[PDB]
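Trainee: kindly generate the corresponding structure for this input.
(chains A and B, ligands or ions: 2)
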There are 2 protein chains.
Amino acid sequence: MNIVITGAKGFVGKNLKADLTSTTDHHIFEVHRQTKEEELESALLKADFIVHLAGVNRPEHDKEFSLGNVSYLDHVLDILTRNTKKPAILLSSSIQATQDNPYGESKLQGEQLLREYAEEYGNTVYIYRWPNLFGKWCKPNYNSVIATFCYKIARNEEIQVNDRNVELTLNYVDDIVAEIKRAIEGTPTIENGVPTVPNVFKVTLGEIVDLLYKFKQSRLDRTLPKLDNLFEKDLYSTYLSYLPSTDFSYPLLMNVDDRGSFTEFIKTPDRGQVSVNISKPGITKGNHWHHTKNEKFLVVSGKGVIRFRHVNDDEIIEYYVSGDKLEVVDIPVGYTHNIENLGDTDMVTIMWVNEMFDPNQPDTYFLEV
Amino acid sequence: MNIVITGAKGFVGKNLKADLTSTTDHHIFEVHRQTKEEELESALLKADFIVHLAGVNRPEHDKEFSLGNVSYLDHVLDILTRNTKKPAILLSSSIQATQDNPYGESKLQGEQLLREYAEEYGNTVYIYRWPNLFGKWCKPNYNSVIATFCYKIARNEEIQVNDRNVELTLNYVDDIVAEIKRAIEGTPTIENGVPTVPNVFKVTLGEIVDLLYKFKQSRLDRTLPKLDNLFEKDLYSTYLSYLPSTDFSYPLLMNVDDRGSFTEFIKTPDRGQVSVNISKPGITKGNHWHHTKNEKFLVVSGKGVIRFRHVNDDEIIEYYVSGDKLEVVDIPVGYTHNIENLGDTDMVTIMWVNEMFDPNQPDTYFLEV
Ligand SMILES: [Zn+2]
Ligand SMILES: [Zn+2]
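Mentor: Residues are numbered from 1 along each chain as shown, chains lettered A, B, ... in the order given. Ligands and ions are numbered 1, 2, ... in the order given. Provided below are the atomic coordinates:
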């Protein structure tokens, strides 16, 4: 199936294009601002589906043309008249089509033009009223506040927020791309009798700003986004996409002594934390118990033994363990425990713990064995 | 300071004893059922604080004595008459002291005996009305339903629940021990003008049972308790303490091929998941990108390179990385990426990912480089 994407160099277009060529066998024809007139006609006539993502004015519109019909949709539809196959057309209109600002009125004229055209020529049309959008590949410093904020914050550049209480209505680019694909396969999502992209968010600029600063500072405090809040999850991914390409990595804090090292990896207030222990050959660590703190030890390299002895008891219990067979040892409360490197190489143990380490109120008590 | 713990062989006593000898310099004198009469007198006369945890009847009470004063508190107070120092006394009474069941009435008689005694002899008294208790070291199959449930469930033994809607009022042993220690240092927690252990929970048997089965099944599904629900956190620790001593470990599921292995460690619905990748020397994995899935790679053994290339782009970006210096590489969306083992030994990478892996709806697209 031949699919043309107008506005192909825009945010949604680049996203839709990358997806479609990856997840389908459709032939994708990209049209944009720089597209020569003859190859536009060429692509449109071959087309089985039109995804119309272009802005309202033609690429040729500049200071000269203040007067004159400069409607790009009109021109696109004008060409499709000769299209033998009656390709379906998807129009990205805006929720501003109800408002009486000139942008909305423009968008409402586009819908109306397309409805009239469809009724005469038979094309099936999917007309969406999209809210503001966000996601990877949106140009920063150019009419998208989220992209601008992500770009600046990731660079320690200061941002300008006039009113934190301003509410934004938003769709994430993934939902836009998924919806377009549903329309392509012939089953749009219908709410209130109209095609509607799911998962719209309503968020204040203040919430957005706090989230972005949290994502930034999370690097240093080893914390993690709340990933079952859909907006926050989508926002975190989009934030990551604005990272300078030299800044994808960050050093961890290793606690180093004669025995090896202990290093925190990720910390959460609600699902514990994970760290990396490295022990030099011959080394024993631990010999302590807890009332309530508990751990999962997972040896991923080298070999050794994890030992237990109930506080009120004499029996030592040994778990022989190595990176050749991956197995978790829970560390039950009320058992003193130790871990020993029995091999010739550094032993590395991943340790999940149920709470944060606080040496003020430690919950760990020295007891050998 | 000399501290005597009556009922020292009980659940709270064992717990308090382990803590006190670990976190303080106090001399701890344990008295219990088997304690000879002369060493009871001996301990009580030396005492600076009495922690009275014993049951209402004397160790000597058996079928013979249906008639007669068999009050252990009375006897204990009777001896303390000769105690020159006026040691403070902590009494663990019960919230049943208000109810007119014989257990409550017993407890109310103990309080009343102690208040009268204090008023004549001057001892400062801390009288608590504790609810039901839970925590490690509570005997299973003996009047504690939580201990019984934990013990049976951890052994795949079937449990008997009559009414799931029965509500329990509970304190966790840690709060009991911490409170006793506060009373010892002279600053009890006061609510409503009376000493009161904080953090009482109110929970149905049904909630308890569901939580315990979740903790059990979590072993197989790699999931984790919700650790910012205090009850659930305390319950999880207590559950662990009932594990058979041969059953502290569990194997993970390694996905093994010619290249090494991939193994899931922990999975959460709200803070992502962590897995372990192991690559044999010379191996490259990845060469894919995501729309929204993102990862943190942390190399903990061996050495190699993590590579990136923006989907719309030509520039390959390389992060040289090894277990000698622990550093996280974020994997931003819209970048195809790969990881290669450059050393002579297996390379092990810990990978956090923001969502569950679903190869039905995969969010990963093959693209080299
Ligand atoms: Zn430990
Ligand atoms: Zn990946």
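
Trainee: quick one, strands of the stretch 151-300 of chain A?
Mentor: Taking DSSP state E, counting those that start in this stretch, the strands of the stretch 151-300 of chain A run over residues A:167-172, A:190-191, A:194-195, A:201-204, A:249-251, A:254-257, A:260-267, A:273-279, A:284-289, A:295-301.

Trainee: just give me the residue closest to the centre of chain A.
Mentor: Residue closest to the average C-alpha location in chain A (CA atoms, centre = their mean): residue A:237, at 2.5 Å.

Trainee: how many neighbours does the residue in the stretch 1-150 of chain A that chain B sits nearest to have?
Mentor: Closest residue of the stretch 1-150 of chain A to chain B, CB to the nearest CB: residue A:22 (4.1 Å). (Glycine included, C-beta is placed from N, CA and C.) The number of residues packed near residue A:22 is 15, by other CB atoms under 10 Å in any protein chain shown.

Trainee: ok, it - contacts?
Mentor: B:365, B:366, B:367 (CB atoms under 8 Å, 6 or more residues apart in numbering or on different chains).

Trainee: returning to that earlier point: rebuild the strands of the stretch 151-300 of chain A as a markdown table, extending it with mean neighbour count.
Mentor: Listed next are the strands of the stretch 151-300 of chain A as a markdown table, based on neighbours: other CB atoms under 10 Å in any protein chain shown:
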| stretch | mean neighbour count |
| --- | --- |
| strand A:167-172 | 18 |
| strand A:190-191 | 10 |
| strand A:194-195 | 15 |
| strand A:201-204 | 16 |
| strand A:249-251 | 14 |
| strand A:254-257 | 11 |
| strand A:260-267 | 20 |
| strand A:273-279 | 22 |
| strand A:284-289 | 18 |
| strand A:295-301 | 24 |
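
Trainee: make JSON lines from the ones you listed and add distance to chain B to it.
Mentor: Output for these, formatted as JSON lines (distance: least, CB to the nearest CB, whole Å):
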{"stretch": "strand A:167-172", "distance to chain B": "8"}
{"stretch": "strand A:190-191", "distance to chain B": "21"}
{"stretch": "strand A:194-195", "distance to chain B": "21"}
{"stretch": "strand A:201-204", "distance to chain B": "14"}
{"stretch": "strand A:249-251", "distance to chain B": "4"}
{"stretch": "strand A:254-257", "distance to chain B": "6"}
{"stretch": "strand A:260-267", "distance to chain B": "5"}
{"stretch": "strand A:273-279", "distance to chain B": "5"}
{"stretch": "strand A:284-289", "distance to chain B": "8"}
{"stretch": "strand A:295-301", "distance to chain B": "4"}
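
Trainee: returning to that earlier point: surely the residue nearest to the centre of chain A is in contact with residue B:294?
Mentor: Yes. Residue A:237 lies in contact with residue B:294 (CB atoms under 8 Å); the separation is 5.6 Å.

Trainee: what touches both of those two?
Mentor: Common neighbours of residue A:237 and residue B:294 (criterion: CB under 8 Å, 6+ apart): B:333, B:354.

Trainee: of all the strands of the stretch 151-300 of chain A, which lies closest to residue B:341?
Mentor: Closest approach to residue B:341 among these (CB to CB): strand A:295-301, 13.3 Å.

Trainee: output the contacting helices and strands for that closest one.
Mentor: Packing contacts for strand A:295-301, counted by 3 or more CB pairs under 8 Å, 6 or more residues apart in numbering or on different chains; DSSP states H and E, involve strand A:317-322, strand A:327-331, strand A:347-353, strand B:273-279, strand B:295-301, strand B:347-353.

Trainee: so what secondary structure elements neighbour the helix or strand that the second one is followed by?
Mentor: Sequence-wise, the next helix or strand beyond strand A:327-331 is strand A:335-341, with elements assigned using DSSP states H and E. Where contact means 3+ CB pairs under 8 Å, 6+ apart, strand A:335-341 is packed against strand A:273-279, strand A:284-289, strand A:303-310.

Trainee: now do the shortest one and strand A:347-353, the angle between them.
Mentor: It stands for strand A:284-289. Between strand A:284-289 and strand A:347-353, the angle comes out at 30 degrees (axes from the mean of the first three to the mean of the last three CA atoms, to 10 degrees).

Trainee: and strand A:284-289, C-alpha only, in PDB?
Mentor: Output in PDB follows, covering the C-alpha atoms of strand A:284-289 (Å, rounded to 0.1, in the frame of the first residue of the first chain):
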ATOM      1  CA  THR A 284      34.500 -11.600  53.900                       C
ATOM      2  CA  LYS A 285      31.900  -8.900  54.400                       C
ATOM      3  CA  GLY A 286      28.800  -8.600  56.600                       C
ATOM      4  CA  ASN A 287      28.700 -10.500  59.900                       C
ATOM      5  CA  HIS A 288      25.600  -8.500  60.900                       C
ATOM      6  CA  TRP A 289      21.900  -8.900  61.300                       C
END
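
Trainee: what helices and strands are in contact with that strand?
Mentor: strand A:335-341, strand A:365-366.

Trainee: distance check, residue A:134 against residue B:294.
Mentor: Residue A:134 sits at a distance of 16 Å from residue B:294 (criterion: CB to CB, to the nearest Å).

Trainee: before we move on, what SS does the residue of the stretch 1-150 of chain A closest to chain B have?
Mentor: At residue A:22 the chain is in helix, as set by DSSP: H, G, I helix; E, B strand; the rest coil.

Trainee: state the distance from it to residue B:288.
Mentor: 10 Å.

Trainee: please apply the same query to residue A:331.
Mentor: Distance of residue A:331 to residue B:288, given as CB to CB: 36 Å.

Trainee: kindly report the same for residue A:90.
Mentor: For residue A:90, the distance to residue B:288 equals 28 Å [CB to CB].

Trainee: repeat for residue A:102
Mentor: 44 Å.

Trainee: cool, residue A:49 as well?
Mentor: 27 Å.

Trainee: show me where chain A has its helices.
Mentor: Here chain A has its helices, by DSSP state H, at A:11-23, A:37-46, A:72-80, A:102-121, A:145-154, A:173-185, A:205-221, A:230-241.

Trainee: OK, contacts around the closest residue in space to residue A:14 that isn't next to it in sequence?
Mentor: Nearest residue to residue A:14 in three dimensions, chain neighbours excluded: residue A:137, at 5.0 Å (CB to CB, 6 or more residues apart in numbering or on different chains). Residues near residue A:137 by CB under 8 Å, 6+ apart: A:11, A:14, A:15, A:173, A:241, B:312, B:334.
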